[PDB]
Amino acid sequence: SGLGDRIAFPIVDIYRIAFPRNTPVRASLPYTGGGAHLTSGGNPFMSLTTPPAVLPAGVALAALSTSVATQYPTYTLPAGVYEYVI
Amino acid sequence: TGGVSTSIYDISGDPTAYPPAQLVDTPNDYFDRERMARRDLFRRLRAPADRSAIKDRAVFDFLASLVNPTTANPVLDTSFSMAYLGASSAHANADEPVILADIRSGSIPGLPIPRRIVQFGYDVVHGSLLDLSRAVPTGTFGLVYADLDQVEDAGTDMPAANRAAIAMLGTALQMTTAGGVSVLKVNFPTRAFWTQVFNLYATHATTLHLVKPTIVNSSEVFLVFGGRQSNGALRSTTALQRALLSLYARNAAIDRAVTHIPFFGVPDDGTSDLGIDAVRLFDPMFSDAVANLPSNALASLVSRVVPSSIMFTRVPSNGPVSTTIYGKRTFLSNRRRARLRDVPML
Amino acid sequence: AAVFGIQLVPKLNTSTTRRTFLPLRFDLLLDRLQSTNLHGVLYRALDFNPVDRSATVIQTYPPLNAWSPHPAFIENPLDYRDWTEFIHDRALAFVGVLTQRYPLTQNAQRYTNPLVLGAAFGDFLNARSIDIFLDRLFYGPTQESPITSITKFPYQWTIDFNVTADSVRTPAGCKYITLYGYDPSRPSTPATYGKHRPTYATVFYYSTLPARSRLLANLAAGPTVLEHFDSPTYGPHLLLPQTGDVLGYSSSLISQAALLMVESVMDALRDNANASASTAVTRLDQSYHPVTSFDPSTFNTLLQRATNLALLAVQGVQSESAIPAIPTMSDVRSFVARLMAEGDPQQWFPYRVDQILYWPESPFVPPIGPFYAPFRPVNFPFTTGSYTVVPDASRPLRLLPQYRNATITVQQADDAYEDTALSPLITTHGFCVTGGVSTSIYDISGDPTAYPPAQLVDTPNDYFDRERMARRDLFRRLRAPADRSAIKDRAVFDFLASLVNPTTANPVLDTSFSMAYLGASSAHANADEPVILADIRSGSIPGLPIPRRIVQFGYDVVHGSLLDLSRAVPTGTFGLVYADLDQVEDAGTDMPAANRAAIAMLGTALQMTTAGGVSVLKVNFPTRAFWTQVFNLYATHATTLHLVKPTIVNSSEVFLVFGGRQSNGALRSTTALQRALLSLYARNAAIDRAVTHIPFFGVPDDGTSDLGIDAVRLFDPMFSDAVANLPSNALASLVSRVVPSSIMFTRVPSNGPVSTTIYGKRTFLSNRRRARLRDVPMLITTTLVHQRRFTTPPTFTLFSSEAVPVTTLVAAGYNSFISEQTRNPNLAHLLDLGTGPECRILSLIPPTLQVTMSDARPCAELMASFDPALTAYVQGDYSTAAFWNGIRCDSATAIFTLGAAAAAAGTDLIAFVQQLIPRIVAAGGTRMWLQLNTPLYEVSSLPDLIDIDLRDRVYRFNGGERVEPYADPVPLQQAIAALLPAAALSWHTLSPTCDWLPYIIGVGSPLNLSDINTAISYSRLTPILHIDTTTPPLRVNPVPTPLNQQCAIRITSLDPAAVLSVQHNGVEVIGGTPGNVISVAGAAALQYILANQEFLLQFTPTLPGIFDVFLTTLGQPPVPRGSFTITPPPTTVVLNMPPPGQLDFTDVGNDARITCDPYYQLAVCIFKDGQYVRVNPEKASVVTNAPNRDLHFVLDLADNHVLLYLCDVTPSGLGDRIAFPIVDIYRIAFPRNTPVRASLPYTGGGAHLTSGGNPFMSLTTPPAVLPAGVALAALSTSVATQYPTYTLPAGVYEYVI
């Protein structure tokens, strides 16, 4: 009849996860039409919707989709800390 | 004035098996002249609008929420193929059922846009003519919406109606692709009909519900088969019995209410329960004097209406002024009047 | 259920309770008369025109409708405005009289006698005294009837109101009043049935039955007396109509009595059509009934017929068509016309003089009187039930056949058809081709394979036969109207805009180029010059530069000069010469004359081009004689040559294009030319075959054409399952002639009967299906007999209004393939998998072949109509193993079913087929055609038709309407080979030769040419795999099969006498014998090795793609022997770079070595706008070093922000086949400690510099006195040579662009 009707529990732990700067990390768009852009430590990084054809050094297109919807791919970043403007 | 008080019953969800032969059946008097007459009378009393538009909208509201149980994703999807197998009948001012405009426009929230829509039946214009009781050279679709009447060739001949219903159900299923969904309107959910349903189509779908909009007093229902497949295991279960019992209860309840209403053409000679009583006086002179006829008539009429409102008018003619006092008489007023031993003066 | 010309539905309905009468109270009467407006209260206008303030026909209401106007009013009617004034005056005056006597306060409760009130009021406005009536205005309803109250005074009250001891006589009041301007001749005027006349009848009220008898005795000698039995309004009464007639209602078929009956009958029908159980009514039976001077024995006058219908109407019958609430004269005429039509009279209920019989099962309820009695007809067909009416349809209807178990012999079908068909018919063609072009281009100079001109294919011998020429002209008409030249020119100029020189990879054309439209500017259509010039001058064509000026020449010019192009010309010269000249205008079929004209014009056209220019020429007839002279004379006048062939209508004309006008060219006749010509003639032959089915224009459709229309017309048909029912027989016969096509249906109401027409298109497919029949099945009539609407009249047009979608094209192509394949004489049976319930395969197969078809759903066709030995239908699911029990065949097929079945089974293709094919082999099958969906040529989604999924191997159809799995071809073929090692395999797709057209045009479906390329691509994604186990398979040594390389192919065979052929793109490319063989795809050597019983073919393919091979011997058809694929060379270009110490930021930039195949010529380009544009050499250049190509380039501060590519070089396009990003330059830093370089990045690329966060310079407009240390560099080194570079002494800078 419906999804999440009787109960719907937020996974709050994921909302608080800290990403280790010293490791390769993962990024993708958050919604079905969720345009987003990245800012590496205050420095503008990438329009994740349309990353530059000359990608920033070390970043790559990830194999598994892992986005909100499988249509979007993920992009792996070698290290660092980044922002999410959506 | 409008609106609908609908209800939905998931049948496949109930694990309690219940033999179909023990289902409740149509009441014996259901096709008595009087009950049929009241049924028609109620149909007139509803405010004028497009009955099918509201009825269809309610069903599609449910369908937009339908989600497969195994993988928790909506059964429908954008660009899905739909056949309005129900009789597209140039309803009212339009040449096709009005709900199609909303569907094509995405007006219904949560409902995806179909890639194309095809129409069938007897009264189509933008489609093809055919009888749904036989085999059909029609291909297949993802959604089959079978809004077909059965009464148009069977007034009260139940076995004839049952055969029509069963036949139409079979063809409707046959037009659905694997994993598709089909709905069917049934005029008379008869235990004989239910018997054949599980005798034949028990394996053709994964899940089943009952959608029951109420626009006027009627026993018709909407079946909905989800997950068109080959190896289903549908059974008659106690949920079905509960739904039927609740359904007939409402139908009886409404009929009892209608009994108080008079029919249309008859002038209100004071035999109906819900009639109107009125008194007319010309240049009346009310006073506390004994035997003052205007006072007596006034008190008498009031005693027949008290629980309801009392209306009053003064209309000047070219000569005298005509006064009229009136109100609705009800069975409540009768009870109150029975309590009286004498009529009080106003 | 029909009476004369009246049609009746089989359901009965009528109301169920009678409303009792109540007299009017005195006060209420005054209120009605005192109403501020009497319209809608006392009278109503049926005819009001709001534009004016006028109406012409008025309907009256009880207080007034008793009036009979004096003749002075009748002979001189007043208008509506006077009427409303007159009534309001009289009503008020009448009230005053009624109130001058009988003061209201003492009389409000009393009941008025309706009869007295009507008579009194009627006299009053007749200006006649009424005093007598006022004494008897009231009566006590509880004590007497309104009649008996009057009979208390039995004498002649007045001349128009006479009362006996038992009865009252008075003229009947006028129910309608006609104002000034009334005209019965106007068919739209409301009908009145003559009641407007003051004395149309006379009523006799009676108090008791003996009085009724007494009255009838007097009236027996006059006209027919009528009476209502059910509810006689104010009381029981006879009425005597006037003995005359009324004008305008029919062809004088009428007397007054008949009019009263027929209108009464209409009212009875209307009530039955809308009575409801919830509503009481004043009277169940609205019919009149004759009681004097009547013949029950005859039915040859209106009155008799109306009576016979009325006796039936009382039972509660309804008409098939609704009747208006306010009938007009036209409506009544139609009713009477039908009533007077020839037909049987009903005889279920007999007439009886003064008693009416009713069916006890009818919903009718009798009143208390003795005038009604129950009765039992023996075979009454009706039943109780409601029936609603559907509004009419604006479109002709379509139906889908459904059959009963009955069938009919062919002869009966034919004779039933031949006397009901519109055998000679007038039709319209419409337009077959809606628009678009199928265009193809052939580079000729690119092919190195020399081919002598004398061996070129030539024009077919019949190409100028009258019939083919006639069809050629017919096709020209059938294209939708537009500017042929506009589209044709646009296609060519699209190619020219992309033309690029091969040596230096720059576009041949340039801005401000000089152009001469040497072709005949001919004031085309509405313009004075060819319309394409407007686009050219405006730069509308993308990628095409603007010419500096345009000059025009020819015979039909206006804005130019006249001259003959066959001679020397006194002209200058131009960069582009566009020679769109016809040759046929002076040579209809004289080829040598045409050849001389073509050659001469070609020579002059070349002579007008400057060096390095480009010229094009349209050639009507590419004749081998023409080609011979071309290379005899102009072989050195240009560098390159192509062939551009747009197809707008079926024609053999082509466009030559000579690039690089120069003196020392080396053009040759080469195999590319031969390939193009063979393909060209193939299409023309294919198109001609399709057109053969189409009839010419003026000929009426006598049934000799293939694509004709068949129609049958019936008047008031009565379909039934009864034997020999002619409408049913004709219906079944016509359907049998159309089945594969759609079936149309119409109902048009004439003034009398309704004409029904059923029609559809006959096709050769229908002929094949009809040949399969042994008997004609009968149809189920419910769908048709239920249709009671009216429709628009038929259309009878051959081609629809809208082009078919791409999917249909693919379906037709595969139908064409199957239809051909099933002609093999060595097939004895066939099993079809996944047939539709409609067994469409029957239309494709020759009737002599045994067929078994299957589906989960039941078949849609009466299997009894076929020979069971030749056809069989099995209901089941061939996904299950249980399906194969007793299944025997020699061959099988499955088209457009496998992927769906696999999706339903929830599995991939490979697993699905692996468990399927063995069962077919087990069933004795030998060969099969299977429609697998897989990318044969490349993985590329069609933007909306098919989306290819990769994370799972799935196709998406129509944006996800349908979803199916897929597999890759190579793994699939290996899997198949594993299952069957000794079977041959081959692939089939839509041919670019369009041989499948007759299955699109010949079936009457329109088309758009531009879709064809997509359809082919669609087929490339959904090939048909042909598996054959009765022949050994093909084999080749270098399995990867690389291009341009020697490969050996073995075809084991027993006869050295056999002959071989190989095809590519649907045309033979190699063929011959081991002794001698001819090829147009590279070196080919054919030998037969008897010791191995093989033909050996050694081959060096010069082009990629699918190649299929056949063997043939003199007494046999050609035999397929598998197919093979040739792969293109690899796309891997690699660059090799210097160390950072050799990153030359100096003026002399550094150099990088390129490692690549020589097959791809390369140049440095910029992906500016979706297309690569070649960069100027002074920033980067591919180096033609002797051992290999290298890459010199220079470094500039713009490089990191831009992208540049090594692009494939072809004269057709730049970077088409490969385009490799030169990634290093995108990400190379610049040393701060050195002099550096900067310039603008684009042709109009404004830029500004920011030195280390400090604004530095607007590089577009740098400071007039430059910042210290910077200088203008010597070498350009910018993106384009026009911009200079600026050298900066040191530092780090930004680029804002």
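Residues numbered from 1 in each chain as written, not as in the entry; some residues may be left out. Chains lettered and ligands numbered in written order. Part of a larger assembly, values for the part shown. Heavy atoms only, no water.

The PDB entry lists chain B under the name Outer capsid protein VP1, from Golden shiner reovirus.

Per the PDB entry, chain A is named Outer capsid protein VP1, and its organism is Golden shiner reovirus.

Listed per partner, the contact involves 7 residues of chain A and 5 residues of chain C. Buried surface at the junction of chain A and chain C, both sides included, amounts to about 460 Å², of which 57% is carbon and sulfur. The interface formed by chain A and chain C holds 0 salt bridges in total. Linking chain A with chain C are 2 residue pairs in polar contact. Across the side of chain A that touches chain C, the residue classes tally to 5 nonpolar, 2 polar and no charged. (Contact = heavy atoms within 4.5 Å. Buried area = accessible area lost by both parts, 1.4 Å probe. Salt bridge = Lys/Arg side-chain N within 4 Å of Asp/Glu carboxyl O. Polar contact = N/O pair within 3.5 Å; in protein donor to acceptor, adjacent residues only side chain to side chain. Nonpolar A, V, L, I, M, F, W, Y, C, P; charged D, E, K, R; others polar.)

All names here are of chain C. On inspection of all chains with the given rule, the structure shows 49 aromatic pairs over all chains. Ring plane angle 80 degrees and centroid distance 5.8 Å describe the contact between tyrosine 43 and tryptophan 83, whose orientation is recorded as edge-to-face. With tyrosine 43 in strand β4 (residues 43-45) and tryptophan 83 in helix α4 (residues 80-100), this pair connects stretches of sequence that are 40 residues apart. We classify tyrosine 43 as buried; its relative accessible area is 0%. Given a relative accessible area of 0%, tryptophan 83 falls into the buried group. Ring centres of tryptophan 157 and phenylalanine 161 lie 5.1 Å apart, and the angle between their planes is 35 degrees; this geometry places the pair in the tilted category. Overall, the relative accessible area of 4% leaves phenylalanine 161 in the buried class. Connected via pairs of aromatic rings, a cluster forms that spans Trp348, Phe349, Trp359, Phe375, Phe380 and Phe382. For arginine 136, the ring lying beneath its charged end belongs to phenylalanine 153, and the centroid distance is 3.8 Å. Geometry around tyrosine 1242 places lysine 1168 over its ring, the cationic atom sitting 4.8 Å from the centre. (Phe/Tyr/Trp six-rings, centres within 6.5 Å; stacked < 30°, edge-to-face > 60°. Helix = DSSP H or I, 4+ residues; strand = E, 2+ residues; numbered from the N terminus. Buried < 20%, exposed > 50% of the residue type's maximum accessible area, 1.4 Å probe, protein only. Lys NZ or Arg CZ within 6 Å of the ring centre and 35° of its normal.)

Across the boundary between the two partners, chain B contributes 43 residues, which contact 43 residues of chain C. The junction of chain B with chain C conceals about 3,500 Å² of combined surface from both sides, 56% of it contributed by carbon and sulfur atoms. For the chain B face of the interface with chain C, the top three residues by lost area are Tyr122, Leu129 and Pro137 of chain B, together amounting to 19%. Put simply, chain B and chain C have 3 salt bridges between them. For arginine 280 of chain B, the salt bridge goes to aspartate 27 of chain C, with nearest N and O atoms at 2.8 Å. Our enumeration of links across chain B and chain C arrives at 21 residue pairs in polar contact.

What follows covers unusual backbone geometry. Negative phi characterises most residues that are not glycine, and trans characterises most peptide bonds. All names here are of chain C. At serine 252, a position not held by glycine, the phi torsion is positive, near 55 degrees. Relative to the assigned elements, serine 252 resides in the loop between β14 (237-241) and α8 (256-274). Assessed through its relative accessible area of 67%, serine 252 is described here as exposed. Phi is positive for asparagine 958, close to 55 degrees, though the residue is something other than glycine.

Moving on, we get to the sheet that holds strand β36 (residues 871-875) of chain C. All names here are of chain C. One open sheet holds the 7 strands; their spatial order is β36-β35-β34-β37-β38-β44-β42, and the pairing between them is mixed. The open sheet has two edge strands, β36 and β42 (984-988), and neither has a second partner. Taken together, the 4 bridges between strand β37 (residues 891-894) and strand β38 (residues 927-930) define a ladder with parallel strand orientation. Bridge assignment links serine 891 to a residue of β38, and that residue is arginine 927. Sitting on the sheet, helix α21 (residues 806-821) touches β38, β42 and β44 (1024-1028), and the angle it makes with β44 is about 15 degrees. (Pairing = 2+ DSSP bridges. Axes fitted to C-alpha atoms, helices over the stretch in contact; angles between N-to-C directions.)

Our next topic: α21 of chain C. All names here are of chain C. Taking 1.5 Å per residue, 16 residues should reach 22 Å; α21 reaches 23 Å between its end C-alpha atoms and fits that length. Listing the buried residues of α21 in full gives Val806, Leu809, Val810, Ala812, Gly813, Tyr814, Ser816, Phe817, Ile818, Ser819 and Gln821. In the core, the buried residues of α21 are packed alongside α19 (764-772), β38, β42, β43 (1007-1008), α26 (1012-1021) and β44. (Expected span 1.5 Å × (residues − 1).)

Taken as a whole and assessed by the stated rule, the structure comprises 15 cavities of 30 Å³ or more. Put simply, the largest cavity is a space of about 200 Å³. Surrounding the largest cavity, 15 residues form its lining, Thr647, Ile687, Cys994, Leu1009 and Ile1012 of chain C being those nearest its centre. Here the lining of the largest cavity is built from residues that sort into 11 nonpolar, 3 polar and 1 charged. Computed from the structure, the second largest cavity encloses a volume of approximately 150 Å³. What lines the second largest cavity is a set of 17 residues, among which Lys212, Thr214, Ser218, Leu247 and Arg250 of chain B lie closest to the centre. When contributions to the lining of the second largest cavity are tallied by element, the ones reaching two or more residues are β7 (205-212) and α6 (238-258) of chain B. Looking at the lining of the second largest cavity element by element, the count peaks at 7 residues for α6 of chain B. Grouping the amino acids of the lining of the second largest cavity by side-chain chemistry returns 10 nonpolar, 5 polar and 2 charged. (1 Å grid on protein atoms, 1.4 Å probe; cavity = no way out; pocket = protein on both sides within 12 Å on 5 of 7 lines; lining within 4 Å. Points joined across faces, edges and corners; volume = space filled by probe spheres on them.)

Before going further, it helps to examine the pattern of salt bridges. All names here are of chain B. Taken as a whole and assessed by the stated rule, the structure comprises 59 salt bridges over all chains. Close ionic contact of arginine 242 with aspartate 14 constitutes a salt bridge, the shortest N to O distance being 3.2 Å. In this pair, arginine 242 is assigned in helix α6 and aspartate 14 in the loop between β1 (7-10) and α1 (33-45), connecting sequence segments 228 residues apart. By relative accessible area, which is 47% here, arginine 242 ends up partly exposed.

Residue and element names in this part refer to chain C. Reading across from one edge, β39-β40-β41 is the order of the 3 strands in this open sheet, with antiparallel pairing throughout. Taken across any chain shown, the strands that pair with only one partner, and hence form the sheet edges, are β39 (946-949) and β41 (962-965). Across the sheet, the axes of successive neighbouring strands diverge by a mean angle of 20 degrees, strand direction being ignored. When β39 meets strand β40 (residues 954-957), the two strands line up antiparallel, connected through 4 bridges. For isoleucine 946, the partnering residue across the bridge sits in β40 and is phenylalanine 957.

Once that is clear, we can look at a nonpolar patch on the surface. Residue and element names in this part refer to chain A. A contiguous nonpolar patch, built from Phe9, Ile11, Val12, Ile14, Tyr15, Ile17 and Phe19 and spanning about 800 Å² of accessible area, is present on the exposed surface. The topology assignment puts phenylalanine 19 in the loop between α1 (12-15) and β1 (25-27). Classification of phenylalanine 19 by relative accessible area gives exposed; the value is 61%. (Patch = residues over 30% accessible without salt bridge, like charges linked within 9 Å, V, L, I, M, F, W, Y side chains within 5 Å. Areas by Shrake-Rupley, 256 points an atom, 1.4 Å probe, with all protein chains shown as cover.)

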